[PDB]
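Notes for the one structure printed next.
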Ligand code: SF4
Ligand code: SF4
Ligand code: FES
Ligand SMILES: [K+]
Ligand SMILES: [Zn+2]
């Protein structure tokens, strides 16, 4: 049994410094494949917008401190990277991923029903 | 009776004090002795006393237009509490 | 009059018309339950705009059919036994007390049982 | 006094004289039972609880056999297994095959215990048949199918001992014995419907609830009752959007597994006369409107009359939640107004009990201390109709001890013996100075209960002066551990409204001719002034006299459709839990005031429920401590009672009339209930009609 | 305990910022004498103030948008329920179960 | 156990977007919880012991 393309062996990193390098290495791989993501899935946005989106998602977990949470977050990011590069996702999923979009006042929610 | 005649701007007084503990004794003693005098000067002024275990002593005074000002009374002597109520005028 | 077509009543104040499609049933005008939606109100929907109302399922009202059955009168016994008149293909067998001076229906079939000594009182 | 016994090899220790079935429960051993209930007298007529005493050749009924020291009890030997199967077979010998058509199907103790402890097969093939029993008519609330009764006498024991209604008993002998009233009459008791819960089988079932649902369909929500000031804990069962039935839940401090017939049968009024859409009056007709249009009209109507400081009047009804009371008070305060009160008809503008001291208007002794009361004085109250569950608690203490209950005021049909004294303050003055007052002074734990209808009479000031002078002059009534002064309210919003100071203590304020009246669930406004040119806004969940007197109607949610705060008569803070959503476009009652505040230029700083609840703590620190009674300290309590002592006030000698006229019509939900309409026609306003005139 | 396990659970953010869970022990039913259901601690979610249930006009079905409406977790201890709720970062509150006061009950009391 | 049986989202074909998209879950008929009808009585007892005699801690002999 040979592992699929871009498959990494799951490993639990016990060093916080080493974990930072692995995230940085994975961060560059996302940026390098940004044009490939545009070509494979036929997106309506340029590769520059994809890299902005990738940076925004990475910055959402910048201030995560717990090392056990980092390993799960890094592992799922590797799985997401493998899914995109190998064209396993359908083009509809990637289109909706970039189709993500001042809140309403109290009265505006009140008049319509709110939640 | 002295300054215990609160002005028009003061419309509601709420005393918060604990049933037990040592910090609420000065305010309980003040309320026990002075309330007949305070109510005498202000017959129609609502002076609500509410209690709860463990809360520090305080006085909430509802001024005009529903504006309330709170003043903690932890560690004060009985006389200082009387001075505190007068300053709210 | 749309008042007999949308209100639950014990009896219909008039004779049902089998060809009238606004009745609750072909043999009954008014509904027989307080929570039963009137047929006339139900058919006043956008989904019945181009639909023929005659071919819609209109089963006969069971409440009018069950009361066409004559009362069973029991002789020399104050207890009636009913199991659906089918046995294994009926309903669980139950025993009905007949001490009271009235007909008492079955809990499943709705057939009404009474003593023969009360026959004169019940019929009048 | 503890005895160390053994139940299936488990050490147990309970008080001397406890039944074996009580010790088994403490040991974690389950014994089947039909006739045993932990709130009724001991009966041994069902024989399902049989256990084997170690050294004895006879099987003892664990519900009646007293415990001994060194007693070893076996509950799972093959001999007992034979007894359980044998007793189960006898119970099901004559039982009708009615489970599909019987409302107890999914919650039947006979089904579950026969499955668990009886055999899987029956052996009754007799061709003569089972016993047939005619159905008794005992009113429109309790549906009888007496074929299903197992002769367990739970109903007889409850109605005679707990409810105090002796018209229900066992007539006949042997297999022909029939439960009922023998003669053709109804059961007259405000707690009669609890017989439905106690009946383990389908013999006694709810008539309004008949055939409509199965228990496995229903969703159970643990909330509180708002039909009286006791705050009885209930379990509301819902099936999607509709409330199906209301059941009591255990709370030994408040209701103790019982609720009144008003509480559990008024839930059908939630489907009738509901306010679902905003309404705007145009002449003599109401028309529908949007929330934006309705709130704008109120703002436009606010500027038409141009009300001044005390020209804005707010009235709060009996079923109004505490979050709305504070929100209405703050909106009223922001408009520079202080004219706030309840829809009651108190003679003195400040109520005689006042609002400065909590102890002056709460049940300071708490309901659970009635078990320890030795002397009880009732001053112008009818506990049987005002607090049905609390009335039964007094009877329980009265039966099991030498408790004496004295009554001053209008005589009423009682479930215990009342030593009546008079019907005015003059008798109360004689009693507290005569032998009656000597009993209270010598009592170790005396109780004094004032009715909520005292403040609605012209002698309200005298009554509270007489008691306060007696309470302050006697050292045993108020002690560091005991407080014998109690006020029994009949509305679930009074204590919450008083804790936040939602009442006017200035007589000049209350006499103002209002130009903008905000009715927050207020409906008893026949005797409360409403100017013909005044602009009236009603906020509530039912259409009633309050809605008819309004110009713009704002639909609110009921107590079952919102998480709301209610303070009961003993100063216990309890929070409701939402079971369903409000119908139509009705909103939460505290959000309507907040939304309207922005339309009036007085935007409240409240945005969510947590912020609103945080405001409750600011008004009163005890309003965020659920299920906890915060008592008034001994020193502060004496000052409040002393403030009630008012020399130079005359007594007019008027009747201390009971406040409740119709027991089944006390609020909008009960009035809208079709079941309560049947109760009035059958049972009557005072539950005095023994014959059913609407049953054929 | 302190770990924010909701960052990796995959559940939507609305479970934390908009929904309230109740940790409770089921009360004994008033219609039955069994107490088996009261031996376990359970967690459920408060209903949505709007959209919890509405009537579908085609067939009268009970439509809903609350995806947690039918989820009831089972726990053997109160501490386990609290630890799980804290671990998932849920906004919760505990309803303390009502305990029945013990009163001696004997057949002799029917006459004395 | 905390994951709802119906999930959080569902799919449909969007005519405007000419593709299948995920949308928040809404059920025309909500799943009815009939599991609340579980019995209030325990059904199975403590069971019978089937431990081999060679694997039970011995009981010491009684007093002399
Ligand atoms: S009482 Fe119980 S056993 Fe008897 S018919 Fe009803 S569900 Fe069946
Ligand atoms: S009717 Fe019900 S409560 Fe009364 S004895 Fe029969 S089974 Fe027991
Ligand atoms: S429970 Fe003891 S004989 Fe009925
Ligand atoms: K029953
Ligand atoms: Zn039949």
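Residue numbers (the authors' numbering), protein chains in the order written: chain W, 2 to 102, 109 to 122; chain S, 1 to 89; chain R, 13 to 136; chain G, 25 to 720; chain Q, 35 to 146; chain C, 218 to 281. No residue lacks a Cβ here, since even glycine has one placed at the ideal position from N, Cα and C.
message = Taking the beta carbon of residue 355 of chain G as the centre, do at least 16 other beta carbons fall within 10 Å, making it buried, or is it exposed?
response = As a first step, residue 355 of chain G is located in the fourth chain; it is residue number 331 there, counting from the start. The residue is buried, with at least 16 neighbouring Cβ atoms inside 10 Å.
query = Which value, in whole angstroms, describes the spacing of the CA atoms of residue 272 of chain C and residue 134 of chain G?
reply = The count along the sixth chain starts at 1 and reaches residue 272 of chain C at position 55. The count along the fourth chain starts at 1 and reaches residue 134 of chain G at position 110. The straight-line gap from Cα to Cα measures roughly 42 Å.
task = Pick helix, strand or coil for residue 668 of chain G, following the three-state DSSP scheme.
result = On the fourth chain, residue 668 of chain G is found 644 positions in, with the first residue counted as 1. Under the three-state reduction of DSSP, residue 668 of chain G is assigned to helix.
ask   = Who are the neighbours of residue 158 of chain G on chain R, taking C-beta pairs under 9 Å?
value = By 1-based counting over the fourth chain, the position of residue 158 of chain G is 134. Going along chain R in sequence order, the residues near residue 158 of chain G (Cβ under 9 Å) are 109, 110, 111, 112 and 116.
ask   = Per DSSP, what kind of secondary structure is residue 722 of chain G in: helix, strand or coil?
value = One cannot answer for residue 722 of chain G here, as it falls past the ends of chain G, which runs 25 to 720.
inquiry  = Applying the 10 Å Cβ sphere with the 16-neighbour rule, what's the burial state of residue 565 of chain G?
reply    = Position 541 of the fourth chain, counted from the start, is the residue given in the question as residue 565 of chain G. Residue 565 of chain G is buried by the Cβ-count criterion.
inquiry  = Can you confirm whether residue 249 of chain C, when its beta carbon is compared against all beta carbons of chain W, has any partner nearer than 7 Å?
reply    = Here the question's residue 249 of chain C lines up with position 32 in the sixth chain. No, no contact with chain W.
inquiry  = Cβ closer than 7 Å: which chain Q residues qualify as neighbours of residue 39 of chain G?
reply    = As a working mapping, residue 39 of chain G is identified with position 15 in the fourth chain. Those within 7 Å of residue 39 of chain G in chain Q are 138.
query = With distances taken between CB atoms, is the gap from residue 441 of chain G to residue 421 of chain G smaller than 7 Å?
reply = As a first step, residue 441 of chain G is located in the fourth chain; it is residue number 417 there, counting from the start. As a first step, residue 421 of chain G is located in the fourth chain; it is residue number 397 there, counting from the start. No; because the gap between Cβ atoms is not below 7 Å, this pair is not in contact.
task = Along the alpha helix (DSSP H) that carries residue 57 of chain W, what are the first and last residues, could you check?
result = As a working mapping, residue 57 of chain W is identified with position 56 in the first chain. Residues 48-60.
request  = Verify whether the separation of the beta carbon atoms of residue 48 of chain S and residue 380 of chain G is less than 7 Å.
outcome  = In the second chain, residue 48 of chain S corresponds to position 48, counting from 1. In the fourth chain, residue 380 of chain G corresponds to position 356, counting from 1. Yes, they are a contact pair.
inquiry  = Can you confirm whether residue 104 of chain Q, when its beta carbon is compared against all beta carbons of chain C, has any partner nearer than 7 Å?
reply    = Reading the fifth chain from its first residue, position 70 is the one you call residue 104 of chain Q. With 7 Å as the cut-off, residue 104 of chain Q counts as an interface residue toward chain C.
key: Residues within the region 55-73 of chain Q neighbouring chain G, beta-carbon criterion of under 9 Å   = 56, 58, 60, 61, 62, 63, 64, 65, 66, 67, 68, 69 and 70
ask   = Which two residues bound the contiguous alpha helix (DSSP H) that contains residue 431 of chain G?
value = Position 407 of the fourth chain, counted from the first residue, corresponds to residue 431 of chain G. No alpha helix (DSSP H) contains residue 431 of chain G, which is instead part of the beta strand (DSSP E) from 428-432.
request  = Select from the region 238-251 of chain G all residues with a C-beta closer than 7 Å to any C-beta belonging to chain R, and list them in chain order.
outcome  = none
ask   = Taking the alpha-carbon positions, what's the residue 105 of chain R to residue 152 of chain G distance?
value = Taking the first residue of the third chain as 1, we reach residue 105 of chain R at position 93. Taking the first residue of the fourth chain as 1, we reach residue 152 of chain G at position 128. When rounded, the distance between both Cα atoms is 13 Å.
message = Any heavy atom of ligand 1 inside 6 Å of the beta-carbon of residue 123 of chain G?
response = The residue labelled residue 123 of chain G in the question sits at position 99 within the fourth chain. The answer is yes for residue 123 of chain G.
message = I want to verify the contact list: residues of chain W whose CB lies under 7 Å from the CB of residue 84 of chain Q, in sequence order.
response = Taking the first residue of the fifth chain as position 1, residue 84 of chain Q is located at position 50. Residues of chain W whose Cβ lies closer than 7 Å to the Cβ of residue 84 of chain Q are, in chain order, 120, 121 and 122.
key: Contact with chain Q by residue 243 of chain C, beta-carbon distance below 7 Å   = Position 26 of the sixth chain, counted from the first residue, corresponds to residue 243 of chain C. Output row for residue 243 of chain C: interface = yes.
request  = Can you give me the Cβ contacts of residue 52 of chain W inside the same chain, cut-off strictly under 6 Å, excluding the 5 residues immediately before and after it?
outcome  = Locating residue 52 of chain W in the first chain gives position 51, counting from the first residue. Take residue 52 of chain W, set aside five residues on each side of it, and the residues of its chain with a beta-carbon closer than 6 Å to its own are 32 and 35, in chain order.
query = residue 120 of chain G touches chain R at which residues, Cβ-Cβ below 8 Å?
reply = Walking along the fourth chain from the start, residue 120 of chain G turns up at place 96. The answer, in chain order, is 106 and 107.
message = Residues in the same chain with beta-carbon distance under 7 Å from residue 62 of chain Q, minus the five sequence neighbours each way, listed in chain order, please.
response = For this step, residue 62 of chain Q is matched to residue 28 along the fifth chain. Answer for residue 62 of chain Q: 69 and 72, listed in chain order.
query = Using DSSP with H/G/I as helix, E/B as strand and the rest coil, what is residue 114 of chain Q?
reply = Translated into positions along the fifth chain, residue 114 of chain Q becomes position 80. In the structure shown, residue 114 of chain Q sits in a helix (DSSP, three-state: H, G or I).
ask   = Measuring CA to CA, which of Q:135, Q:117 and Q:81 is closest to residue 38 of chain Q?
value = Counting from 1 along the fifth chain, the entry for residue 38 of chain Q is found at position 4. It is Q:117 whose Cα lies nearest to the Cα of residue 38 of chain Q.
task = Please confirm whether any heavy atom of ligand 3 lies closer than 6 Å to the CB of residue 608 of chain G.
result = Counted from its first residue, the fourth chain places residue 608 of chain G at position 584. Residue 608 of chain G Cβ: outside cutoff for every heavy atom of ligand 3.
task = Indicate, with yes or no, if ligand 1 has a heavy atom lying under 6 Å from the CB of residue 77 of chain R.
result = Locating residue 77 of chain R in the third chain gives position 65, where the first residue counts as 1. Every heavy atom of ligand 1 is 6 Å or more from the Cβ of residue 77 of chain R, so no.
query = Given 8 Å as the limit, is there contact between the region 213-228 of chain G and the region 166-179 of chain G, that is, 3 or more CB pairs closer than that?
reply = Taking 8 Å as the limit for Cβ pairs, the verdict is that the region 166-179 of chain G does touch the region 213-228 of chain G.
query = With DSSP run on the structure shown, which of helix, strand or coil describes residue 109 of chain Q?
reply = Sequence index remark: in the fifth chain, residue 109 of chain Q carries index 75 (1-based). DSSP places residue 109 of chain Q in strand when its eight states are reduced to three.
message = Taking only three categories from DSSP, how would you classify residue 6 of chain G?
response = Outside the modelled stretch of chain G, which goes from 25 to 720, sits residue 6 of chain G, for which no answer is possible.
key: Per DSSP, the bridge partner or partners of residue 75 of chain Q   = By 1-based counting over the fifth chain, the position of residue 75 of chain Q is 41. Residue 75 of chain Q is bridged to Q:59 and Q:109.
Every unbroken alpha helix (DSSP H) inside the region 137-189 of chain G [4 residues or more] = 178-181
query = Does the separation of the CB atoms of residue 158 of chain G and residue 48 of chain R fall below 7 Å?
reply = Residue 158 of chain G sits at position 134 when you count from the first residue of the fourth chain. Residue 48 of chain R sits at position 36 when you count from the first residue of the third chain. No, the pair does not count as a contact, with Cβ atoms beyond the cut-off.
request  = Taking C-beta pairs closer than 7 Å, name the residues in chain G that residue 260 of chain C reaches, listed in chain order.
outcome  = Numbered from 1 along the sixth chain, position 43 holds the residue referred to as residue 260 of chain C. Correct list: 140.
task = Please name the residue or residues paired with residue 233 of chain G in a DSSP beta bridge.
result = For the purposes of this step, residue 233 of chain G is identified with residue 209 of the fourth chain, where counting begins at 1. Answer is none; residue 233 of chain G lacks a bridge partner.
inquiry  = Are there any heavy atoms of ligand 2 lying less than 6 Å away from the beta-carbon of residue 225 of chain G, as far as the coordinates show?
reply    = Here residue 225 of chain G refers to the residue found at position 201 when the fourth chain is read from its first residue. Under cutoff, so the answer is yes.
task = For residue 177 of chain G, verify whether its CB is less than 6 Å away from any heavy atom of ligand 2.
result = On the fourth chain, residue 177 of chain G is found 153 positions in, with the first residue counted as 1. At least one heavy atom of ligand 2 is nearer than 6 Å to the Cβ of residue 177 of chain G, so yes.
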